[PDB]
There are 4 protein chains.
Amino acid sequence: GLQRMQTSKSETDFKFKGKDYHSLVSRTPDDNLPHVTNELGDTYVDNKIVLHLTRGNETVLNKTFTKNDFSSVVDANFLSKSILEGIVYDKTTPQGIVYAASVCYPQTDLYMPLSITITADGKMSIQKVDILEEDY
Amino acid sequence: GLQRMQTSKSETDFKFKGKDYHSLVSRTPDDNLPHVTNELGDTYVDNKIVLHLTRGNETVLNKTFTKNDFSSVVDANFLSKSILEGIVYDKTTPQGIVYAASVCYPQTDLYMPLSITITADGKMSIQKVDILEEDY
Amino acid sequence: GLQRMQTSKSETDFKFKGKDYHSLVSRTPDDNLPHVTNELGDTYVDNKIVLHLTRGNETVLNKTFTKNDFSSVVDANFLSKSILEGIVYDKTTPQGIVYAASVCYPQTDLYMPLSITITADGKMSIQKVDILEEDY
Amino acid sequence: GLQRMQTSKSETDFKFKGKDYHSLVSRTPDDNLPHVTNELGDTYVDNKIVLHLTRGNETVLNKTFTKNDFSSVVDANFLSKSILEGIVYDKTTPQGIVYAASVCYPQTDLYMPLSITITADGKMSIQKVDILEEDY
């Protein structure tokens, strides 16, 4: 026996540069990925997230995401101990369509904010959200 | 002159406790709200966000949001100098439907993460996003 | 068995408003405080921190600190499951002498940043470290 | 004319593996480093921090620090817009003597937490503090 997150799914409709987009995101457990174990000893299966972005009949992007897609902007130590939690439509900017992404520490409500930016011609980029602290 | 943000809008479809929900969010400039003046001297008009959540023919929640809806969990100094940027469907939890919310500081890339949780019977709650630090 | 942390101690010399200060901080296990039990089942004894701040022959502040001194700015759920880890001289500001403070969760590298500000006339205030997010 | 931070200085005495250490830290403006400009247009001179760690007659470490010493664990975009604010003694761990370090956004109270670990034989390592977010 081992821990399995529920299958989350959401469809978002929005406009970008005056054109209508449809964004379908589907999270499912991925049994082929390495399992993630916590300090307590409970083993968790990691997830994959399919992001299917379309503009009319055209498919702008159809990618299967895993936490490893953020290996270029997240240190291996925290990335190995975390699981892919979610990818959600956030906003549109002059750069492109921005998605909020998160990897979370299993058995807790703790997560690291990340972002996926997709241009109108399907060029995709990953950025880690920098968290700054204020004293007063 | 008097700077204002573009009108962002998005519609999200998702399931919660096995029932289908439709979430429409509309950000527009609100000329009736107090203006926000930055250190440079540029005056910005603040925004209102209408969140219309429905479950079939029923309307679970239909609220006009402003940064003042977060006055119970954000200090007045930071809140007066910021503008309501966005309210985004994030995920579903046993508590309720969670929305990611943010207020930003004009002419910068800085913003404060907040959250709105709505139950299936329309009970709404506001929270500030807190942090823990992880090292090695 | 009953786990406990080592006794940490440090003495810091610094200037504030042109006057020389001596700051002695001593962490010791406090057997009189309620124990902290983690998810695994290991019970940890909590700590007390004595902060002795002096300016020449005068004692500006001599307080015994516990995690309960931060009950006004930390929720009881998180505070009951954590242990007082440390209080550290950080810097001087126009407000006062700032100390970095932290409460940690046993058997993990997670901890919550907090702060103690002490004025030249010994008026002390507690704050929670908040955050803003920066992207691109 | 241009902005200049005040010269901060602090001496800390502590024990590590049963031996007495003396740690002197001195922050001064460094006119030779590139200046840092904010969104408003105010130019700030960056700082250097001399950390002089001794154990009796021996000098364990005597290094001049700049924000560029953290280039391996902080992205160039945020590092270029920030200035070295401080390096302070935090605690001792089995790895070594840990210092809390911070780079801050000029004209604000915003900073990024970092850490310097120094072993008893002077081997030094840099780590960025990972900030995690909690929703409830």
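Residues numbered from 1 in each chain as written, not as in the entry; some residues may be left out. Chains lettered and ligands numbered in written order. Heavy atoms only, no water. Residues with missing side-chain atoms left out of burial classes, pairs and counts.

The deposited coordinates for this entry were obtained by X-ray crystallography, with a reported resolution of 2.1500 Å.

Contact residues are listed per partner, giving 16 residues for chain A and 16 residues for chain D. Put simply, the parts of the chain that give the side of chain A that touches chain D at least two residues each are β9 (110-118) and β11 (130-134) of chain A. Looking at which element gives the most residues to the side of chain A that touches chain D, the answer is β11(A), with five residues. In terms of residue class, the side of chain A that touches chain D is built from nine nonpolar, no polar and seven charged. (Contact = heavy atoms within 4.5 Å. Helix = DSSP H or I, 4+ residues; strand = E, 2+ residues; numbered from the N terminus. Nonpolar A, V, L, I, M, F, W, Y, C, P; charged D, E, K, R; others polar.)

This paragraph deals with the environment of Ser72(C). All names here are of chain C. Tracing the backbone through its elements, the reader meets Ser72 in the loop between β7 (58-65) and α1 (76-80). Since its relative accessible area comes to 62%, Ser72 is described here as exposed. A sequence separation of 54 residues divides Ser72 from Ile126, and the C-alpha atoms of the two residues are 8.3 Å apart. (Buried < 20%, exposed > 50% of the residue type's maximum accessible area, 1.4 Å probe, protein only.)

All names here are of chain C. Summarising the element assignment, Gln127 is placed in strand β11 (residues 124-128). Overall, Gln127 belongs to the buried group, its relative accessible area being 17%. Polar contacts involving the side chain of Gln127 include one to the side chain of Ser125, which spans 2.9 Å. (Polar contact = N/O pair within 3.5 Å; in protein donor to acceptor, adjacent residues only side chain to side chain.)

With that out of the way, let us pick up the environment of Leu132(D). One can find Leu132(D) in strand β11 (residues 130-134). On the basis of relative accessibility, which here comes to 0%, the residue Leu132(D) falls in the buried class.

Next up on the list: the relation of the copies chain A and chain D. Each copy of the chain is related to the other by a rotation around an axis and a translation along that axis. Rotating chain A by 180° and translating it 0.0 Å along the rotation axis places it on chain D, where the RMSD comes to 0.0 Å. Those values place the two copies in the arrangement expected of a two-fold rotation axis. Minimal C-alpha distance to the rotation axis in chain A is attained by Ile131(A), lying at 3.4 Å. Taken together, the interface assignments show that 100% of the residues at the interface of chain A recur at the interface of chain D, consistent with an identical surface on both copies. (Least-squares fit on C-alpha atoms.)

Here the focus is the sheet that holds strand β4 (residues 36-37) of chain B. Each strand in a sheet pairs with its neighbour through backbone hydrogen bonds, running either in the same direction (parallel) or in the opposite one (antiparallel). Residue and element names in this part refer to chain B. Read across the open sheet, the three strands follow the order β1-β5-β4; overall the sheet is mixed. Looking at which strands have only one partner, the edges of the open sheet turn out to be β1 (2-3) and β4. Judged from the two bridges that link them, β1 and strand β5 (residues 43-44) form a sheet pairing that is parallel. By the bridge assignment for β5, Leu2 is matched with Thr43. (Pairing = 2+ DSSP bridges.)

Take the interface of chain B and chain A next. Contact with chain B, which involves 17 residues of that partner, is made by 18 residues of chain A. Both sides together, the interface formed by chain B and chain A hides about 1,400 Å², and carbon and sulfur atoms give 47% of it. For the pair chain B and chain A, the interface holds three salt bridges. Its salt-bridge partner being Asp109(A), residue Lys91(B) comes within 3.9 Å of it at the nearest N-O pair. On the surface where chain B and chain A come into contact, there are five residue pairs in polar contact. Considering every element that reaches the side of chain B that touches chain A, the biggest residue donor is strand β2 (residues 9-16) of chain B, with six residues. (Buried area = accessible area lost by both parts, 1.4 Å probe. Salt bridge = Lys/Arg side-chain N within 4 Å of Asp/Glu carboxyl O.)

With that settled, the discussion passes to the pattern of salt bridges. Residue and element names in this part refer to chain C. Applying the stated rule across the entire model yields 22 salt bridges over all chains. A salt bridge links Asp69 to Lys63; its shortest N-O distance comes to 3.3 Å. Of the residues examined, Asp69 reaches a relative accessible area of 23% and is grouped as partly exposed. The class of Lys63 is partly exposed, set by a relative accessible area of 29%.

Looking now at the relation of the copies chain B and chain A. Once turned by 179° and shifted 0.2 Å along the axis, chain B lies on chain A with an RMSD of 0.9 Å. With an isologous cut-off of 70% or more, the 82% of interface residues of chain B that recur at the interface of chain A puts this contact in the isologous class.

The subject of this paragraph is unusual backbone geometry. Despite not being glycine, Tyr136(B) has its phi angle at roughly 55°, a positive value. Among the secondary structure elements, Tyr136(B) is positioned in the segment after β12 (130-134). You can call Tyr136(B) exposed: its relative accessible area is 72%. Backbone geometry places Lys17(C), a non-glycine residue, at a positive phi of 55°. Among the residues examined, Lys17(C) registers a relative accessible area of 65% and is labelled exposed.

If you trace the eight strands from one edge of the open sheet to the other, you get β7(C)-β6(C)-β3(C)-β2(C)-β1(D)-β2(D)-β5(D)-β6(D), paired in antiparallel fashion. Strand pairing shows two members of the sheet lacking a second neighbour, β7 of chain C together with β6 (58-65) of chain D, which therefore form its edges. On average, adjacent strands in this sheet sit at an angle of 15° to one another, irrespective of strand direction. When strand β2 (residues 9-16) of chain C meets strand β1 (residues 9-16) of chain D, the two strands line up antiparallel, connected through five bridges. Of the residues in β1(D), the one forming a bridge with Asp13(C) is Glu11(D). (Axes fitted to C-alpha atoms, helices over the stretch in contact; angles between N-to-C directions.)

Here we take up the pairing of β6(D). All names here are of chain D. For strand β5 (residues 47-55) and β6, the ladder comprises seven bridges, and the chain directions are antiparallel. Of the residues in β6, the one forming a bridge with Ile49 is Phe65. In this structure, the hairpin formed by β5 and β6 is closed by a connection of two residues, where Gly56 is found at a positive phi of approximately 70°.

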